[PDB]
Structures are given as C-alpha cells and as structure tokens.
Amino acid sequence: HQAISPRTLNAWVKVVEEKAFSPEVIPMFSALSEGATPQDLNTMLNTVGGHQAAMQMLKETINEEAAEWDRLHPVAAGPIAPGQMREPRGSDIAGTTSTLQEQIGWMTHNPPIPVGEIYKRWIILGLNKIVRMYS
C-alpha cells in the first residue's frame, strides 16, 4: 500500500492541461490510474483546477452510476459477522463514505470486489461524456 505519487500526479496534471477533453485524455487516465484505490482516483480528479462545468458533468455521471449500483446490490439484513465487511455501497465505491483499509479489503477478498476498477469505469463514462460535449 502506497498512495498515488506526486510524480504520477504531475503527469496527469500535464495531460489535462493540454488534452482537456480531447479523446486522448481517456487512454491516459486509464494508464495513470492502474491499480488505483478510489481514494487515489479522487486524488487525481482533485488536482484538476478549473474546468468546473466539465467536472460537474463527471460528478453527475458518478452520482448516477453509484445510485444504479446501489439499486443492483440491495443490502442483506443482519449484523455484519466478525472478520467480515459490509458490501460496498455506491458512495463506498466512490470513496466518499469508505476507507482506504475498507477499499483495500474489498479489492483483495477472494473473490474480490475491485472497487477501484468499478469507480474507474464510472469515471471513464464521465470522461466520455465530457469529450462528447467539448470535442
């Protein structure tokens, strides 16, 4: 376990600086975000400055996806057994109501739940929505 690096972040920065919303941002986001936890995905997104309207389209996508997820995964009743974890919720996958450790556990369980890969798909749909508007 290590947080995405300042170094990888620089790159993502330089990419968005010039390729803000050409189709080439998408293949780059996907490489720079390999093995990313939700937290790291959000760290990437946060370094983006300005582009407020575009970010908001992306957020709207994330919010829609997360609600769909929840829909498709009703929580079972009963108290969570010891050494077990609650099934992630939309907001958990998006890193707004989950922790690192939690994120980390899921991506490892056998079989895992790769909350990082899931969130990253949502983000990509969001980036396709940006690209379609602007280019």
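One-based numbering along the sequence shown.
Enquirer: When the C-alpha temperature factors are averaged for each of 70 to 78 and 95 to 103, which stretch ends up with the higher value in the entry?
Expert: Result: 95 to 103.
Enquirer: Pick between 3 to 11 and 125 to 133: the one whose mean CA B-factor in the entry is higher.
Expert: Averaged over C-alpha atoms, the B-factors run higher in 3 to 11.
Enquirer: Per the entry, which of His51, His109, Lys59, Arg89 tops the list for Cα B factor?
Expert: If I rank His51, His109, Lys59, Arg89 by C-alpha B-factor, first place goes to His109.
Enquirer: Looking at the C-alpha B-factor of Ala36, is it in the lowest, middle or highest third of its chain?
Expert: CA B-factor rank for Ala36: middle third.
Enquirer: How does the C-alpha B factor of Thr43 compare with the rest of the chain: lowest, middle or highest third?
Expert: Middle third of the chain for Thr43's C-alpha B-factor.
Enquirer: Where does the C-alpha B-factor of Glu117 rank in its chain, lowest, middle or highest third?
Expert: As the PDB entry reports it, the C-alpha B-factor of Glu117 lands in the lowest third of its chain.
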